[PDB]
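Peer 1: Let me begin by handing over the structure; questions about it come next.
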Amino acid sequence: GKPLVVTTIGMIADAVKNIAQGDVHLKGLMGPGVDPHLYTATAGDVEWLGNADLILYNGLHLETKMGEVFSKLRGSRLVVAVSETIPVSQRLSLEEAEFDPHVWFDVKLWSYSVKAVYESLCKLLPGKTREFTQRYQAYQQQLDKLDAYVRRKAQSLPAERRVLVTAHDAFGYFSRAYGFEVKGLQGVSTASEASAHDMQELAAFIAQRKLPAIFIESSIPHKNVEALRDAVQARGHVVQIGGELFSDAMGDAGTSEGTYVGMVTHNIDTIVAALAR
Ligand SMILES: [Zn+2]
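Using the authors' numbering, the first residue of the sequence shown is number 32, and each one after it goes up by one.
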């Protein structure tokens, strides 16, 4: 029979789909709209995890509530935190007390994670190494093209206009790779809401910098960024909500936004369209 691969975030499931295709059974625990920072594994999830031959998760403490679940499963199956293969020097350190887990927004950096998915699959099914390698090389070429595309789109926007404010601070790697100044209403983790103070400071930032738009996300209730937009207006500045971005989760299955390449493409197109003119 075919082995079972269980993944957390959809971005990782996307890599498994492209590299392993039908050679493995794939179960993604977190679908569209799911916040990985706040996610608690259900009993059904733990069942799937307990039957998996390979478990792939992000690491870098993204899945803040699943550490123990993963801990207890090592020793009986391959468990790989794909993003922990990214060199420490390339990770963004938060006040020397945590690493930013949103590595998928620097496409070149994400190639390390994709390589880990590919290599883990080869360990799982060594007999499939050749086809996995062909599919992986094709997928990596798509990612190379995606990186170049995002960079062109970013460069098409005036430097002064490259200021991105979103529902939470998920674009730190995007900021470094593509030349954007970024701020989020909630922090790198969504574990805590933004305080009244945090909101006034960001509202002041938005008003003083005279930004054209701010963005909502598919995994955080729109209510908060909408309340933020209101605070900005009470400060004499009119900012609009430029669109909804995919931060921690991808779009629906069947749509291009339900793929890693489509998710990123949607984000850059949406951002550039709202920030331009
Ligand atoms: Zn996040």
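C-beta: ideal position from N, C-alpha, C; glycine also.
Out of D175, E257 and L276, which has the shortest C-alpha to C-alpha gap to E248?
Peer 2: Nearest C-alpha to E248: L276.
Peer 1: Buried or exposed: where does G273 fall if 16 or more other Cβ atoms within 10 Å of its Cβ makes it buried?
Peer 2: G273 should be labelled buried.
Peer 1: Using 8 Å as the cut-off, can you tell me whether the region 116-133 makes contact with the region 73-85, which would need three or more C-beta pairs spanning the two stretches below that distance?
Peer 2: Per the Cβ contact rule, the region 116-133 is not in contact with the region 73-85 (fewer than 3 Cβ pairs under 8 Å).
Peer 1: Any heavy atom of ligand 1 within a distance shorter than 7 Å of the CB on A201?
Peer 2: yes
Peer 1: Can you tell me which residues form a DSSP beta bridge with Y167?
Peer 2: Note: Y167 sits in no beta bridge, so no partner.
Peer 1: Closer than 8 Å is the cut-off here; do at least three beta carbon pairs connect the region 84-100 with the region 236-244?
Peer 2: no
Peer 1: For a test of your reading of the model: does the CB of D229 fall under 7 Å from any non-hydrogen atom of ligand 1? Yes or no.
Peer 2: no
Peer 1: Can you give me the C-alpha to C-alpha distance between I43 and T301, rounded to a whole angstrom?
Peer 2: 23 Å
Peer 1: Would you give the residue range spanned by the alpha helix (DSSP H) that residue 1 belongs to?
Peer 2: In the structure as shown, the chain starts at 32 and stops at 308, and residue 1 therefore has no counterpart that could be examined.
Peer 1: Within a Cβ cutoff of 7 Å, which residues of the same chain sit near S142, ignoring the five residues on either side of it in sequence?
Peer 2: Within the same chain, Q171 and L174 come within 7 Å of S142 by CB-CB distance, once the 5 residues on both sides are set aside.
Peer 1: Using the beta-carbon count (16 or more within 10 Å), is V269 buried or exposed?
Peer 2: exposed
Peer 1: Can you tell me which of the three DSSP states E127 falls into?
Peer 2: coil
Peer 1: Please list the segments of the alpha helix (DSSP H) lying wholly inside the region 198-237, counting only runs of 4 or more residues, in order along the chain.
Peer 2: Runs of the alpha helix (DSSP H) inside the region 198-237: 203-209.
Peer 1: By Cβ distance, which residues of its chain are closer than 8 Å to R207, with the 5 residues on each side in sequence left out?
Peer 2: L123 and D137
Peer 1: For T71, which three-state DSSP category applies?
Peer 2: coil
Peer 1: Quick check: what's the CA-CA separation for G267 versus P67?
Peer 2: 36 Å
Peer 1: Give the secondary structure of residue 313 by DSSP, where H, G and I count as helix, E and B as strand, and everything else as coil.
Peer 2: Limits of the chain in this structure are 32 at one end and 308 at the other, which puts residue 313 out of reach.
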